[PDB]
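Every read-out reported here was derived from the displayed coordinates using simple, explicitly stated rules and does not represent laboratory data. Note: ideal-geometry Cβ built from the backbone for every residue, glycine included; neighbour counts use all protein chains shown.
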């Protein structure tokens, strides 16, 4: 997770949301380091055993 | 431990066949758009809709429903207009004069020329076919326009104009329209005719263009009219209103005329669980929710 | 009449409201117009917004016991479920009292 | 109206209409009894907490 | 009123009316007993200190 | 925290009263069936109030 | 506030019931009987209709 100051933290609890701009962020306003951008007009999000 | 903010699951519920006419449900993501008296805009998912003393689509608590306004003559939906309150007026519509009348007539190539050379309006054999066309004026009067087919020679038809609703109408004798078909009976040209009725009750006569397009004289045994259309309607009265699957509100009248009074707009947020609940089951847009991102109920993932 | 004569003593009026669900119930099977219900807007049964009548006939109660009994079971369970929330709210407070 | 000696009026009743209405009446009478039973249980849980 | 020879009159007591009235009466009594039960515990807590 | 539980009972009691009215009012020729409708309340945020 | 009367067929608008809002509600001085009186810490009230 990319902290607001600029460094990187690590978390274990996974419960994510979406910001107003479409980035996948955790509860609290912190974004994910790979910066997965969920596009608009989306029906559903699917995640397999891998990270895809 | 600190409470890190609650969240709401926005999975779709189960639809129930309540009945009624003023109740709708959304099978996927989408929120109805609501406004208060103060002008602020709220979003909700309540299907319960009712009218009020002002004949407006209002929720059960008293918030007006907003949607695409219907404007024009004839009124039509606009997808480039700002959201506006949806209203079913009780005002009666006025008559609209017929302007474009088109018919399709199938003629017989094996039809011999009628024996009587001079045209007659009081004898059926004088004309090959008779064609009654109802035309409405700007007052509502019905003009019983009669069109007569007469075949004079090979691959040639004489079309005349006659009106029955006018007691002062003059019996036609001369040729008003000449129709020539192709080698195979396909219509080529001369199918557009300007026909004007006669004034009655001090109302101006109805001027319209008569079309015989898509007509063939190939042998079909007997003359048969397969189509007849016009664009005039007498004044009507409000009877019933129905909501279709597209969100449009259509009111039925006496003359079976459909009048579109608007369609329901659906707003989809770029991110759910960012809406702040306000009193009853409505939500107000804020940060962590994005723009309204409006759209129609048909496509656009709504 | 006894002499092959027909007389008319009037016609029954019908009432349509611009907005239903505003007719406040008044004791017996009658309704009273008020706000959010529109004007009386009297009319005639002939044509328009008013339907046709039928001599020597009556309408049912539009109430079906099949749809009401099943809702009674659902409504009862929701009440008992709420009665569990208040009961567990007393015990959770009772533990905090003695402590 | 005119009379008729040696004639008498019937009871102007229909056995078929009354028999079928009997079945409907009984079910309605049992249906309300369910409301009483429901009201009994719904109040029993509250008094006993 | 007029009399009648060879007849008797019932008790004009309807079982259905009385039986349902017993159900509501019983629940009224139990509700009253709760106040005594509440009044006992509220007083028991105070004396125990 | 009885405010939410108390408000829940009133809704269910009202819902059962209307249902009891409809079943009792059967066979009444000039009668229209009724139905209740609820609506949640939110005073502030993050918590419900019944 | 409106009153439903017997022979008018419509409610009569008796009057308007506004309310006053302060910008320092915690600064009000409290007296008995659930009454607050305006003080110096609390600002001058500005009466308004509900919803505005």
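For region B:98-138, what value does the Rg/Rh ratio take when both radii are computed over Cα atoms and Rh is the Kirkwood radius, given to two decimals?
In region B:98-138, Rg relative to Rh is 1.08.
Can you bin every Cα-Cα distance in chain C into 5 Å intervals starting at zero and give me the percent of pairs per bin, rounded to whole numbers?
Over chain C, the share of Cα pairs per 5 Å bin runs 2, 8, 9, 10, 12, 10, 9, 8, 7, 6, 5, 4, 3, 2, 2, 1, 1, 0, 0, 0 percent.
Taking all pairs of distinct Cα atoms, average 1/r, flip it, and tell me the Kirkwood hydrodynamic radius of region B:187-257 in Å to one decimal place.
Averaging 1/r across every pair of different Cα atoms and inverting gives 16.5 Å.
Given the options B:196, B:16, B:110, which has the most mean-square fluctuation in a GNM of chain B, springs set between C-alpha atoms less than 10 angstrom apart?
Of B:196, B:16, B:110, the Gaussian network model singles out B:16 as fluctuating most.
How shielded is A:15-23 by partner chains, expressed as the average number of their Cβ atoms within 10 Å of its Cβ atoms?
Counting Cβ atoms of other protein chains within 10 Å of each residue's Cβ and averaging gives 5.
Can you compute the modelled spin-label distance between residue C:4 and residue B:246, with each label point 7 Å from Cα toward Cβ, in nm?
Roughly 6.1 nm, to one decimal.
I'd like the Kirkwood hydrodynamic radius of chain A, using the inverse of the mean 1/r over distinct C-alpha pairs, in Å.
12.0
If you line up the Cα atoms of region B:70-188 on their principal axes, what length do they span on each, largest first, in Å?
Cα spread of region B:70-188 along its principal axes, largest to smallest: 66, 39, 17 Å.
Divide, for region B:133-219, the radius of gyration over alpha carbons by 2.2 N^0.38 Å, where N is the residue count.
1.22
For region B:174-226, what Kirkwood radius comes out of the mean inverse Cα-Cα distance, in Å?
For region B:174-226, inverting the mean 1/r across all distinct Cα pairs yields 13.4 Å.
Gaussian network model of chain B, Cα springs within a sub-10 Å range: biggest mean-square fluctuation belongs to which of B:273, B:53, B:183?
Judging by the Gaussian network model, the answer is B:53.
Extent of region B:239-298 along each principal axis, from alpha carbon coordinates, in Å, largest to smallest?
51, 25, 14
When the Debye formula is applied to the Cα atoms of region B:24-120, each taken as the same point scatterer, what base-10 log of I(q)/I(0) results at q = 0.11 Å⁻¹?
-0.54
Just the Cα atoms of region B:263-302, one point each, no solvent: what log10 I(q)/I(0) does Debye give at q = 0.17, 0.26, 0.32 Å⁻¹?
Calculated log10 I(q)/I(0) at the listed q: -0.49, -0.91, -1.06.
Most mobile of B:14, B:71, B:161 per a Gaussian network model of chain B (Cα springs, under 10 Å)?
Among B:14, B:71, B:161, the largest GNM mean-square fluctuation belongs to B:14.
Just to be sure I follow: if Rg is taken over the C-alpha atoms of region B:173-302 and Rh is the Kirkwood radius over the same atoms, what is Rg/Rh?
Using only Cα positions, Rg/Rh for region B:173-302 is 1.25.
Once you compute Rg and the Kirkwood Rh from C-alpha atoms, what is the Rg to Rh ratio for the protein assembly as shown?
That ratio is 1.09, to two decimals.
Neighbouring Cβ atoms within 10 Å as the yardstick, rank A:45, B:86 fewest first.
Ranked by crowding around the Cβ, least crowded first: A:45, B:86.
Label points 7 Å out from Cα along the Cβ direction at residue B:126 and residue B:54: separation in nm?
6.3
Write down the Å³ per residue value for the convex hull defined by the alpha carbon atoms of chain D.
113
Give the distance, in whole Å, between the Cα centre of chain D and the Cα centre of region A:37-52.
Chain D and region A:37-52 have Cα centres separated by 62 Å.
Which translational diffusion coefficient, to the nearest whole µm²/s, is obtained for chain G from the Stokes-Einstein equation, given a Kirkwood hydrodynamic radius over C-alpha pairs, 10 °C and 1.306 mPa s?
115
Send over the per residue convex hull volume for region C:44-89, Cα only, as a whole number of Å³.
Dividing the Cα hull volume of region C:44-89 by its residues yields 136 Å³.
Run the helix sum for the protein assembly as shown: -39,500 (n - 2.57) per DSSP H stretch of 4+ residues, divided by residue count, reported at 222 nm to the nearest 500 deg cm²/dmol.
-7000 deg cm²/dmol
State, to one decimal in nm², a quarter of the convex hull surface area for the C-alpha atoms of chain B, i.e. the direction-averaged projected area.
Dividing the Cα hull surface by four gives the mean projection, 23.4 nm².
Tell me, how many Å apart are the Cα centres for region B:262-295 and for region B:1-48?
A separation of 9 Å, based on Cα centres.
What whole number of Å gives the distance from the Cα centroid of region B:84-102 to the Cα centroid of region B:60-74?
Going from one Cα centre to the other spans 17 Å.
Take the Cα atoms of chain F, find their three principal axes, and give me the spread along each one in whole Å, biggest first.
So the three principal-axis extents are 48, 17, 8 Å.
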